[PDB]
Structures are given as structure tokens and as C-alpha cells.
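Peer 1: here are the coordinates; sequence isn't available:
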């Protein structure tokens, strides 16, 4: 058994219209611990019919949830926030168990996840409209914002709590309802957040958590007329399909998709700080975050020193079961993740790169953090996301050249650069074709800043003063009056 | 010939990379006057190969246009605005000639169209970014807003100037370039606007205007990686396809599509003002618009009086060639449109409605403004857009019923209602599921307020403080510093 | 011996909070706090000296650097702890408040939750102090606007809302990263000290918030002359705000003021008449009529004048007057005998000029005064120009919208105004025409934390609450940075 | 006779209620040219009784001006802007003649002055209000902004055009009327703007320009009940008085007062950039601006080398009559000013400073650009503004010491610093207790950013997003409705 302070947090059922249900046909998905292969439990594999019932239940709850005051919805969301915080350790263990990441990371994610609920509880009261000077006398112009309505979220495995709250928080705050389908590999964290949602007083049908086959559930959420808005985080390939599948009813859509993050270290970097930044943006979550450094570009002058410093740190990383003290790298999520990191390694080396450390299988789903030197733009890793604990170090000579290579991608989520020079900070931060830029830091994640991509990395933003509008419609009211 | 003070405004060529060009194969589209059948001129039917050339010219021009200051882009845009106003009469004639609407409406549309250019020239200098309090010490958070890039606009025949400036003004103001494809039925106004763009000093490739097959040109614009944003106004059917076509590269998309606008008259309306608002929202552009009142809901207590008052006004509308004094209703755009109006009349009458005035062909493309009484929800006009000069008057008893009926559509563009009661004003303006609501006025159009739809009526807004952001990408910069 | 029946006795203080310590006056002198319901002495608080005030100001300056250097997130967390603690102690704060000020417990409780709401709101605002980036007119430059705390600030607060007036100033100041010195009214300092106990307990650091009691003139003179204080915020009489603004002039201090009002409450023929009577009852008789936004002049259109008066008169007859801790009591005693004299002067002037006292308006013993109503009130009566600050509804008849607009606006004041109509267009006309910072339409209660509260004309400077409140405690800094392209 | 293309721009009367008038008793103030001493002309010395009539005249005009749409006020203001830009040369000649600055600076100021009118013309249309979520059901919360009413402006001699437009443009844009009293020494530029204001279609009584004794006119403006806001730019001493004078009526008030601007050069500055920045912030207008560098702090490591490079540039400064080709330094404005500049030199040298260059009378009101080295905190120029063409170079050792010294003043208008380090830019820019900070630039002036001070440098801001609010009152409306 998992050693949970509150064992009622671990669920084998879906949350549908305020009840916990199995699949009509009793079919299930096993959830296995990537550290040891042990079966944690099962979750339902819901049918389309049941998904349709969840959608009806969402539409039925919408009226009353939307008709509450912003202050009432905010009080309920703040209770949910407080409940998550009070149960952080349990939730962290569930997550580490199903996802792999070490408990300290899991715990960090829980607090981060919780912060969007807090932040959007506060935003709910700050959904401001406008009055606008009228071009004609005898008219008054107003703009109000109202909830889009029933909404759907589809979320990935790499951040099993935080990708959920980033969508459910602003949606519920705005007065919308939401149905969430968490990834098959990591549904238990979502279910636990659902237990606490119910305990918080989020009424029946406002929030629903459904598990089952991605394609069938995804196709119903995007074809059902009642759903007015989809938010998805995951691969670009699936994002492209979902946008197409929304087109017949012109659904509002938000997408956070693939990246190919460059991480640029200039000769006048604080080099030690650049090393610490690379370590956190490359090796957090075993390299499996959307914003992870994928390509580390280091200027000729500091290349050898940077590589040598990074090796000293990579060599100290403890790999193992996430519940074990001192482990900072967990197992990878699935075997095909390992194959891909291997293919990246083997391609680079066959093109002349040197695997200077690690990058080896350690048994089961465990993989050793590693570094390549001599990496160039003709290698696979230049164009494709590794999604694993591999640091490819690309030499460069000039700022122009690095900016050109950094932007030479269909993606545009996150980028990072280190420099102490004021002017270059301006040029490079502006020239980078990315939604998010870390300057002198590898950790850019919070709830107060808008998160998202340009180009093929997605649509819309999460967090911040800009997040809630993804779940609102703007209404212009033009009123004539007798003067 | 058309009596133009500046005949060089009438073009037979496309604007590609600052040059005026014909098709490579010489092919063309004829532009006819719907009032008399005469041929005004021809425009090219460009090939996809030429469109690809125009897309590259656009990307060539972007860098230089984006690097200008906001202030310099504003100066150029104001210059354009000023040229359009100065040449308003000539533009209005080209418009009436190809499109059909009376000169006075065309003139009104030209000033309206120019107002977007003025508005967004001013908004160029007001693209504000943010500083956000950092959750951690030693960091500072900034948000800036930058041009999306190369953009495309695809525009309809019913407002052949304003639908272009609504799109091109904000794009260009933001630092984007745009390629515009106007409707085959009304391309000459677009080309006229392009001539004044050149004169304004908008550089080669920043604005380009391309004529040709809708499907082929549209397919290239939505499949070419260089194009990063599409903005389309037109049919819902075509908007669905274009969104789907944008999906493989996850393009930013703005759509303004069908409506099925309700116009609601309560017992406590200023009945006379309600009639004037009805006349203005129903018969302008001969009812040929997605914001035109399509369903006129009149509360039982005032139904008869309202019908009588509306008949007297409808019978005064003079139909004829739009260049002719006193004409306020021109020809409809094509024969298929007239048949639709006939279909709505016979369907309704066959189901119990009474055609109390007009509603018959007058020769050529001329159709006589009409009114049906006794219209109900099983009739075709309850669910389909007439796009012509027919007022269907639906009776209702209660606020609740009329709201349910107004909202019973897949669309949500414009709605209108008339009441003197303060509380009803709040209740109805908020319950109406529409992006735009006219209360005691039938005229809601301007450049300062946000225009667009909810539900299947579209994505994004035009005009207002909210319009420019459709052409901007948000960038979050997280900077660490040494305390 | 005896005590208020406090659940937590430690909330009742007899000392001032100065640099994280609870202190008496260097000379031992004190101010006595008396319960206006029965003349019993609740306790004393110190009468501090100007020298002790100067030490509080140095302490505030010393505390400022570290408090401002915290993240918005930390300051918010601390502020939210204070908020949670106020809520958790609301019944005891209410009893303290009712005991010293007079208002009924239900009203006291209501004020504490209202007070607390500013702290919650500003805790949230702290993390939302946004600056700007502005497109540069020249290439090679970048423009930024940041907002930073003004610094050491001072608040001087009245007796009519002994908790809220303090939270409405301290919450935004501290949220912004300022420190604040608060001097509350001699008549009601205990509530303010209770809030200070919970501020400490919340982790507000030594010197960041301080509460000093003593003579208004002397303490106000020091706060307004001392170079260290960069902002004053004051709520009270217009006569005092005039003095205080003059006293900030030598050093150009930032200043916020919420002063006198002369609220017109206007009932048209097309009002929902019962709802207007309810709105009148709440805006006139809450806090026994001693609120800055209380209806002062009640204008009723001739067509509904008679019906309105009869309905109001029936409600006023049911008002129960008594000790604010007694069950059912909705009118407490007035705060002091001069308040009674004024209400009596207003009655006598009105009657001398033709008005009729149709009910109430008599002394009941002690500081108790009977709610009352005048009919036939006109523009030449004193109450047309001066606030009564008592439980007296003066009913002015009017014939047209234009005439009532002109009369409403015929005042140097411009704080709150109210009006009842069901007509959409009139709502627009009247609400825009009224020369007031705050307007209630079809309601007599407009107070909350999320909208900007304050006045035009001689009713004051700046706004409290809302997205606009925190900027009263911030300075705008424009940074123009050149860079190499 | 001044060589003006349009001699109707040179006035000898006041603009009061749409009319040009003299004082009722015929008294006048002579306006002399500081370059040669000739009398340019006279202006009236209006009586208090006449000021009272302007005030009544302003109140009478308020209502009609406020009742206009923003669109309409904006058009009138843009005509005013257009007319100033068309007459720039002549306004420039008038300005150089009366206050002494070169024609090139004069022209620059007219264009700068004009930019405010253009800017607030555009802001008039963007006076936005809010809607706010109501804590109670059945209530809606609105916020609108309306004109404060009749306003007064008192303006200085050093920018005789821009200081007026900076106050009148936002006032008029907001829907206020304004009475301007310009400085005795430089009233003719005001009256010229007045001529164009009339031409522009600014209605009688909306803008008025009155000349006369400062104490008397300002006493009336500050004690008359009708005047609801005063905006004053000038000496701190007079600001302190005007603010106390406003107190008995709780008048709204904007002040921009004394500065004591520190200009800081760190060892890692771009040194020549910093010398060019110093030349421009110290020597424009002969050092007679508000925001001029008064204390030039130079880090020990680069002091002598900076002092050397500054000395080269000062030496090239052509001093002369402003109308003279190549003159970049005009006369000072009055003898009083030379006396103080001389006192600063005497005190400095007596406490050990060396006068390495210039710093002496050239006859008349001309005075030679100078530089002092060895300047220290116990000298006079450390606490008092020279307001002349004298550069005192203070040496410092550490960032911490120079921040302390920078901030060791009652003032907080403008400051400047030069550094190439990113982290230092953050620290110093945030640490400096100033309203405006130039970083690596001496030129910070424009219409789009907010200008004003902290501490005893003033209240309120001019220009930008924030400027118009100084002329608006906020009104909160809380409306109950029947659900």
C-alpha cells in the first residue's frame, strides 16, 4: 500500500456529476509505478456514452455556478487551494508513485499547482469590464466579460497536478464548468485533486475528471456542441489534430505544445550561474518538461570551462526510486522515452559529437544523465525534442549566428540566455522568437506571469492577469438614452 | 465610364511587392455592376506560384517594417487615413458600382473604414507591456508584445472597404505585414485602398492585395509556414474549413462569421425609436449583412402597432441604382440571394405568415423590401439567415420565452433589444448570448468598441483597445539579477 | 472586579504599539475611554508626547527598508494572516467597538468583516502592482514604468468606523511596501489597538505598523511637519482636512483625504417606493446617522411625497433604541453631547422655517436620541447646507429632475449621493449629472472593498479600496534606457 | 521687428473669453530680449477683477465643452496640433527672442510642446471606465471618469511652450476648461499658442491666457471656489505656497518643482556615451531646465579621464545670440541667475574645488560654460541647483556611497546613470529616489511616458497614459436591479 495519511485520496473511479463511478462496462487502465513496475491501482476506461452524460451534467451545473458572485466562487476556490496545501505530502507521494519524479519535486509541483488556484480565486473578483467614450452623443458604450460556458481540458503526464490547475482554476474562477481528462499514465494525481475539489464545495458537475482512451474521449469533447472551449497541453501532433477537430463548431481553443528550447551562454555570463541554470532547466523532471533546455549553445571562449563545470555537477546527480532520500533523478516515464534519448545520442555521436558522460541505461526505466560535446545543427537533437536527461552542447562564435540557430525551429515556447551586458540582454531577449525567455535564470515558472508559446508551440496563455480571459467572452453593449 | 476625380484609383492589377501586376498566364475575373449588368473592369486571377512569391516578398518586408518605431508606423498610417478621407467620393463610387449599395452608404462605409486606420495608428503607440511583481527575490518579470509576423486577410463582398481596414490597420500598426484577398465580387475598392497605401508610403511588401480563386489562394495562405496568422470574415461554412486548414501549423486565427440576429421589442419600448432601429438594422445594405436583424421579436401587447408603423416606413424605401438621388435600397448582389429571400417568404406564408408589404422581384437584381407578420419558430427564417430586405415579425409574450428563443441558434454575433426599464436592460443584455448587443439602438458600429462573436459566429475582436493584440504575441521575460 | 466578556482578554489594550513594543506615555498621562451607552469607564490609553511620536517616526523609517525589500508574495502572506486573525476574532473586536463607540453589535460585527475585507483585498493587490513598458519614440531606447512604495506614511482616523477607517489606509500602505503610523480617534482607540495586537500576531514586523494615541493637534502637527513622513491619509471633518493639507504644504507631502459630505437621497415618482424606503432607512439610520455617506437630505418627488413619508414614518416608529449589546437594539446612543446639540439645532432651525417634526427627534436620556423625521424641508434650512450626523430624516419635496439635480449639487461637498428610479434613461442622466465620487442607484448601501471610495470637490482627495487604492501609497518611476542595437 | 512669416502671432494682449484684451487700467509688462536687451513688446498686467471675469467666463464655457463627444474634442485638439506644427519656425523665433535659447532648441521645444496636444487628442477617446464584479447579487458596479471642471495653470520661463501644452492638452482633452498664467519673462510664446488655439476652433472661454503679477493672480486662482484644480511648474518655494493656498477648498493640485539631479558615471560606463549624455543633460538651455544634471558623480577609476573628455566638448561650445548660426549656448535669462552661478563657483573653489574651464562673465547675460573638479558634498552646489552651464564633478568610490549621496536631498525629479552591467542597472535604477531615471542616456523627454517627481519635486504626472487622470474625477456607481 502507499503510506498515505489520508488513504481516501487514492481513487479507482472517475468524478462525474459529483459521484465517483466506474465504467459502464467495468473496463479499466492499470497505473504502474515506473520505478519498480508495481501496479498502484486501476482507473476506469469510460465510454463515449458516459462522456456525453458528463457533458450534459456540466451544462446543467453551469447556470448555478455562473450565477454565483465572483466572491462566492473565490471563497470556494480558496478552500480548494487550502485543502491541496494541507494534503501536499499525500498528493506528492501519489504523483511520485505514478509519474517517477522525486518526492521533493512532486511536493514542489503540488505547491506550484496550488498557486494557480490561489491566484485565480483572486482573479475571479478582478474580471473587469470597460466603459468607452461613445463617438455619438446619446449613447453609452460598455464592455462586460462573461464565462464561455462548458469547457474541456486534456492534460499530460509530465506535470500531473499543475497542468490540471492551470486550466481548471481560471475556468472555474471565470464561472465556467470543466471536464478534465488526465493522461493515462498519471491519472491518480488528478483524481486526488478531485476529492479535494468536492471537499472544497465545488458543486456537482462543475468539475469532472474522466479517464479512458485519448482518441475517443478527445473526439467527443471536440465534436459535442455543448463544449465551447478546449484547452490542451501535450504534443504538437495531437494539438494539430485537436484544433482541426474543433474547427466544425469554431470552438475556442488554448494549446500548449512542443518546444525546442535553446539555452545560450555568452562569454560574459556569470559562468557558475549559467551552470546552475542549465542544471535546473535541463535535468528537472529527468528532462521531461515542455520548457526544458533542448539545445545548450555555449560561446567558444567559455565552451570548455562550461562543459567541464557541467560535468562535475551531472556526475553528482543521484538516480533512483523517487521516494528514496537524496534521489534527484527518477526513472523515465516509459520505455519509448529511453529509446528516443538513445537515438539522439547515437545520431549525434555518428555525426562526430562526443558522449562525455553518462547517457546510459541503468536497468528498467532508469537512465543516466549525460552530456554531449561537439553538437552541431545537422544532428537530430537540433530539430527534435529529446524529452530526457541529455545536455547537448553546441559551440558558437557570434551573437548573430546563435540567434539565427535559436530561432531556426517551428517551435517557440521557452528560451534561456546568460549575459551580464545590459544591451545584449535587450537585443537577445527581443530577438528570440519564443513566448517565454529566462535571462540569467533557468527557472521561469510561476503563476503570475503569462505562460505559453508562439509559432507551433501553441495558442493562448496560462497564469497571470491574462489567463482568465481564455475562459471569458467579451460582450460589447451599445445603449442609447434620452438626454 | 465612372466619373472619378482620380481615375488612377480604378485598378485592373494586383498589388504585389510594391508593383502593380497582372496574372502570369494573363487570366482575369470580370467585375460587373449589379444595378445594370455592365462590366466595370477586370482583375487578375493570380496563380498559387505568384501567391507564394507574394508571401516571400511579405516576409522580406517584415523585418524593416517591424524595426520602425511605433511613432513612424503611426505617421504612415495616418497619412493613409488622410488620403482615404480626401478620396472618399471616388472610393464610394467604385464601391457602389461593384457592390450595389447607395453612394451615401458607400461614403459612410469609407469614413467608417478609414476610422480603423486612424484608431490603430493611435493604438500603435500604446502597445503597453507590463512589469509584474516577482514571487522570488533577485528576479524581475517583464511582459512585452511583439508582432506576430506575416499575416493574411480574406474579406467579403458586403463591406469591401471596412472589412479590409479592420484587418490591415491593426496588423500594420502592430508591426506585421499583411496579404489581403478581397471577394471576387468586389475587388476594386480593395485595389483603390492599395493605391492610397502606396501614396501613404507603406513600403513594398508590407501591404499586398491579391485577387484570384478563393479555394486555391486560401489553401496556399493557410498552408504556407511563413504565414503566422489568418483573419477571415465571411461564411461560417468557409470559416470552419479555414480553421481546419490552419491547424497543421497551429496558426493564429480570427474569424467573424454568420449571425442570426434577434431584434427584441418589449411592451415598454419607446415604440417609435424601436421602429427606427428596426429600419436601420434590417434594411441597411438591403439587409445583406451578418449583423442585420434577421428575426424581429415584438411583444404581443405592441405587436400590431409596431407592424403598422414599420409598414409605413418600409413602403417609403426607394429602390434603384445606387448612384441615383433618393435611392436607399440598391440591387441585391446576385440572383441566388434573391431566391433565398423568396424561399423565406413562401416557406413562411405556407406556414401561416402574412406577407403584408413588398417582397417581390422588381426586375434584374432589384427586390422590394418586405415584412411578414405571424412568423414562428418552425419557419425557415427562424434558423437561416435571409441576407436580404425582409422583416420577419415574431410575436412573444414573456421575457423568458424571448430570451430562450433569441439564444436558440448556433450563432452569437449581434443582437438588439428595446426597453425603457432599467432592470430589464441589465437582465436581457446579460442573458443574450451575443458578442454585441444594441440596447435602444439599431446602430452599434464604430472603431472604438470590440466587434466579434461568441459561439459559431467567430474568434477574436476587431476595433477597440482589444483589436491590436490579435496581431501581437505576448512575451514573458524573467530576469535574474545580483542584489 | 469586572471586565468585558471577551473570549480573548489580550485584545483589550491600555498601551500604544510603538516599534514592536506595547508602551505607556513617558509622563504616564492617559485618555479615558467611556462607554456612551452608560458612562462606565472601559479603560484608558496613553496620551503620548511629541517626543515619543518622533521616536515612532524614526522606528518606522528604520523598519521600512526590510519591509519594502520583501517580495509582494511575502507581504501578502503576512497580510492574509492578519485578515484571517481578524475574522477569527470578530466577535471580540465587535464587542470592544460597540462598547466604546455605541453602535449595535450586529453593526459592529458587520464593520469588522468590512474592515477585514480591505486587508484581504490589498493582500491580493500587493502581487498585482503592475508597471508598464511603453513604445519608445526613438530607436535604441526602451521605456519602463515601475511603482515603488512612497515610504513612511501616517494615518489619522475618526470614531464613526473605528476598525474600517484604519484598515482602509493600513492595508494598502503595507501591501505597497510602506510603513504606517496610525493615530486613531480619542473616542474610539481600543478597536485600533485590538487590530494592532492581531497585526503583531500576524507577523507584521516591529515598526512597520504602529498605533499612537494622544492629542490630535500636537500629534497631527508632528506627523505633518516631520520630513520623514512622505504621505498623510486622513478621514474626518473638512475643517481639519483643510488644516492638515496646509500643514503638508511645506514639504509637499502626498495626501489622501475623505472629508464631509452632504448626501442627497433622491426618490422619483417612478421609483420602487418600498425599496426606496428600505434604502432610506439603511442610509439614514445606520450608525445612528453618524456615517460620512449617510443620507443628509432626502428629496422626494411631489407625486410620491406623501406615500413615502407615511411608509418611512412607520419604519422609524419600529426602530428600537438601547445599549448596543441588547438584543433587538438597532439604534445606539450618540457618541457625545455636542452631536445631540447639533441634531437639535437642525430640528429647531427647520421648524422655525416651516418644516414639521412628524416624529421623534427628542432626547431620551444620556446620549440617547430618538430617531426622527421632518416634512416640509426646504433649501433655506440649515440641513440643506450642513451635515446633521444624527438620526433625523429631512424630507424635501421637489417637482422636476432638473430642479432636484441643481439642488443636489448646490453644495461644496461631493462624497456620496443616492437615487431611486426604474427608468433607464433617467438613471444615466442623474448618475452622470450628480457631482459626487460615489452614487447609489436603487440602493442605500454602496460600501465594499472593490470599488473606489472617495469624494469630489471639498469631500476629499484620492480613493480607497479597489484597483485604484494602492497607488495612493506608490510613486511612479519612469525609466528610459538607451541600448546598443 | 521680428522676421515672422505671420506677424499676427506676436501679441500684446491677453486671451479672455474669446477676445484679445488689455488691462482695464492699461498697465503692461515689457518683454526684453536677453541676447541684446531690446524690448520685444508688451503684454498686459491684468487686475484681479479681470481675473475673476475670466474665471466666470471659464465656468460658463465648461458645460458646452464637456458636453461634446471625445471624438469632437479630439478633432479640435488635432487641428490645434496641426497649426502649431505648421507655424513652428515662427513660434520658435518668438521663443528664442524672449527667453534666449537657440532657434534649434526652440524648434525642438515647439515640436515637443505640440506632441502633447497630439497625444491627449488621442487620449480623449480612451478615457476608459470600468465594470467591477459586485460582492452582492442583484448589483452592478460601474466606474466612470468625468472632467474636474475649471482648472488653472501657472507655467515657468524655461520651457515657455511645452509647459503650457503639457497642462492644457490633457485638461481640454478631459473636458475641462483652463486659465493659463505664463511667466512674466516669457509670455509671448503662450499668446502665440493662444492665437492658434482660437484658429483651431477652441471655443471662447475654454482656453484663456492671462498675464500679470504672479502673487495676485495666483492668490485669486487658488482662492476662487470655481477653480477646482491648479497645475503649477516652477520653484519649490512657490509650490509650497500654492499648495497651502489650495487647502481651504481642498483643491486638486499637480506640482512639478525643484530637482537636484544627480548624473552618475560608473567605472564600467561607456565613457564617451556618458560624456555625450552629460553634455546634453547639463548644457541644453544653458543648464536652465528642471531635469538638468546638477551633480555629476564620477567613479574614481574614470574621473580624470571623464573630466578630460568633458573639457574637450565644453571648449567647443559656441556661445551667442540664439538666432546666430551655430550658437548652442544663449544668454542666461536674468542677472540674478549669473549671480548664483558665480556664487556656486566661489563656494566650490573656496572649499578646494578647481575650476578647470570657463566659468566667467562674457558680458551682458552671456556666461561661459564651465567645469569644476574636486567637488564635494559640503559645497553649495551639492544642495542647491546652479541652474546654469556649470558641471561640478564629484568623485566617488562605491555604488553604495553614490546612491546615498544621490538620494541625500529633499528633491526627486530626474536622475541619470551610465553603466553597462545589467545587474547594476536594476539596482541603481530602483534605488534612486526619483520620478524619472535616464539609464545610459541624457535625453529622457517625450509625451508618452509619465513625467514628474517624488519627495519635494512635486505631485502628479504629465504626459503618458497617466496624464489625463489629473484632470478627471472618478465616480463609482452602484446599481441594484431586479433579478
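Peer 2: Looks like it came in fine. Residues are numbered from 1 along each chain as shown, chains lettered A, B, ... in the order given.
Peer 1: which residues of the stretch 201-350 of chain A lie near chain B?
Peer 2: Residues of the stretch 201-350 of chain A found near chain B (C-beta under 8 Å from any C-beta of the partner chain) are A:225, A:228, A:236, A:239-241, A:243-244, A:246-250, A:252, A:255, A:257, A:270, A:273. No exception for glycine: its C-beta is placed from N, CA and C like everyone else's.
Peer 1: which of these fall in strands?
Peer 2: Members of these lying in strands (criterion: DSSP state E): A:228, A:252, A:255.
Peer 1: what's the closest non-adjacent residue to residue A:122?
Peer 2: residue C:124 (4.2 Å; C-beta to C-beta, 6 or more residues apart in numbering or on different chains).
Peer 1: ok so, going back, now tabulate the ones in strands among the residues of the stretch 201-350 of chain A next to chain B in a markdown table and tack on neighbour count.
Peer 2: Shown next, in a markdown table, are these (neighbours: other C-beta atoms under 10 Å in any protein chain shown):
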| residue | neighbour count |
| --- | --- |
| A:228 | 24 |
| A:252 | 22 |
| A:255 | 26 |
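Peer 1: give the next helix or strand downstream of the helix or strand hosting residue A:402.
Peer 2: Following DSSP states H and E, one finds residue A:402 within helix A:399-407. Per DSSP H and E, helix A:399-407 leads on to strand A:414-418 as the next helix or strand towards the C-terminus.
Peer 1: so how far is that next one from its chain's centroid?
Peer 2: Strand A:414-418 sits 18 Å away from the centroid of its parent chain (C-alpha atoms, centre = their mean, to the nearest Å).
Peer 1: also stretch A:254-264?
Peer 2: Here stretch A:254-264 is found 11 Å from its chain centre; the criterion is C-alpha atoms, centre = their mean.
Peer 1: and for stretch A:176-193?
Peer 2: 13 Å.
Peer 1: report the longest helix in chain A, please.
Peer 2: Longest helix of chain A, by residue count under DSSP state H: helix A:103-124.
Peer 1: name the strands paired with the following helix or strand past it and say parallel or antiparallel.
Peer 2: Counting by DSSP H and E, the next helix or strand C-terminal to helix A:103-124 is strand A:129-132. Paired strands of strand A:129-132, with direction, are strand A:139-147 (antiparallel), strand D:129-132 (antiparallel) (DSSP bridges).
Peer 1: contacting residues around residue A:96?
Peer 2: Counting by C-beta atoms under 8 Å, 6 or more residues apart in numbering or on different chains, residue A:96 makes contact with A:102, A:103, A:105, A:106, A:322, A:323, A:330.
Peer 1: could you look up the SS state of it?
Peer 2: helix (DSSP: H, G, I helix; E, B strand; the rest coil).
Peer 1: which of the residues of the stretch 201-350 of chain A next to chain B fall within helices?
Peer 2: A:236, A:239, A:240, A:241, A:243, A:244, A:246, A:273.
Peer 1: so which of these wins on neighbours?
Peer 2: Among those, residue A:243 has the most neighbours (other C-beta atoms under 10 Å in any protein chain shown), with 27 neighbours.
Peer 1: you'd agree that residue is up against residue B:246?
Peer 2: Yes - judged on C-beta atoms under 8 Å, residue A:243 makes contact with residue B:246 at a distance of 7.3 Å.
Peer 1: please, which helix or strand holds the residue minimising distance to the centre of chain A?
Peer 2: Residue closest to the average C-alpha location in chain A (C-alpha atoms, centre = their mean): residue A:163, at 4.4 Å. Element membership for residue A:163 (DSSP H and E) is helix A:162-174.
Peer 1: run through the neighbouring helices and strands of whichever helix or strand comes after that helix.
Peer 2: Going down the chain from helix A:162-174, the next helix or strand is strand A:177-181, by DSSP H and E. Here strand A:177-181 touches helix A:48-66, strand A:150-154, helix A:162-174, strand A:207-209, helix A:214-223, going by 3 or more C-beta pairs under 8 Å, 6 or more residues apart in numbering or on different chains; DSSP states H and E.
Peer 1: show me where the stretch 251-400 of chain A has its strands.
Peer 2: A:252-256, A:261-265, A:293-299, A:354-357, A:361-363, A:366-367, A:370-375, A:390-396 (DSSP state E, counting those that start in this stretch).
Peer 1: show me the beta-bridge partners of residue A:361.
Peer 2: Per DSSP bridges, the residues bridged to residue A:361 are residue A:367.
Peer 1: ok, now which ones touch it?
Peer 2: Listed by C-beta under 8 Å, 6+ apart, the contact partners of residue A:361 are A:338, A:342, A:367, A:368.
Peer 1: between the residues you listed, which is nearest chain D?
Peer 2: Nearest to chain D among the contacts of residue A:361 is residue A:368, at 35.8 Å by C-beta to the nearest C-beta.
Peer 1: for the contacts of residue A:96, work out which two are farthest apart.
Peer 2: Spatial extent of those (C-beta to C-beta) is set by the pair A:105 and A:323 at 11.8 Å.
Peer 1: more neighbours: which of those two?
Peer 2: Using other C-beta under 10 Å as the criterion, residue A:105 and residue A:323 rank with residue A:105 on top: 22 against 18.
Peer 1: my read: the more buried one touches residue A:285, true?
Peer 2: Yes - taking C-beta under 8 Å as the contact criterion, residue A:105 and residue A:285 are neighbours in contact, 6.5 Å apart.
Peer 1: just say helix, strand or coil for residue A:445.
Peer 2: Taking three-state DSSP, the label given to residue A:445 is coil.
Peer 1: list the residues that contact it.
Peer 2: The contact partners of residue A:445, taken as C-beta under 8 Å, 6+ apart, are A:112, A:291, A:451.
Peer 1: then residue A:374?
Peer 2: Listed by C-beta under 8 Å, 6+ apart, the contact set of residue A:374 reads A:348, A:352, A:353, A:354, A:393, A:395.
Peer 1: so residue A:27 sits against residue A:43, correct?
Peer 2: No - using C-beta under 8 Å, residue A:27 is not in contact with residue A:43; the gap is 10.5 Å.
Peer 1: who's more crowded, the two?
Peer 2: Set residue A:27 next to residue A:43 and count neighbours by other C-beta under 10 Å: residue A:43 wins out with 26 against 14.
Peer 1: did I read that right, that one in a strand?
Peer 2: Yes - counting by three-state DSSP, residue A:43 is part of a strand.
Peer 1: nearest to chain D: which residue in the stretch 351-483 of chain A?
Peer 2: residue A:422 (4.7 Å).
Peer 1: for that residue, phi and psi?
Peer 2: Here is the backbone geometry of residue A:422 (degrees, to the nearest 10): phi -60, psi -60.
Peer 1: so what touches stretch A:100-109?
Peer 2: Contacts to stretch A:100-109, defined as C-beta under 8 Å, 6+ apart, come from residues A:34-35, A:88-89, A:91-93, A:95-96, A:99, A:159-162, A:284-286, A:322-323, A:327-333, A:365.
Peer 1: repeat that with 6 Å
Peer 2: For stretch A:100-109, contacts defined as C-beta atoms under 6 Å, 6 or more residues apart in numbering or on different chains pick out A:34, A:88, A:92, A:95-96, A:161-162, A:285, A:322-323, A:327, A:330-331, A:333.
Peer 1: neighbours around residue A:483, how many?
Peer 2: For residue A:483, the tally of surrounding residues (other C-beta under 10 Å) stands at 9.
Peer 1: burial count for the residue in the stretch 201-350 of chain A that chain D sits nearest to?
Peer 2: Distances between the stretch 201-350 of chain A and chain D by C-beta to the nearest C-beta are smallest at residue A:270, namely 9.0 Å. Burial of residue A:270 is recorded as 17 neighbouring residues (other C-beta under 10 Å).
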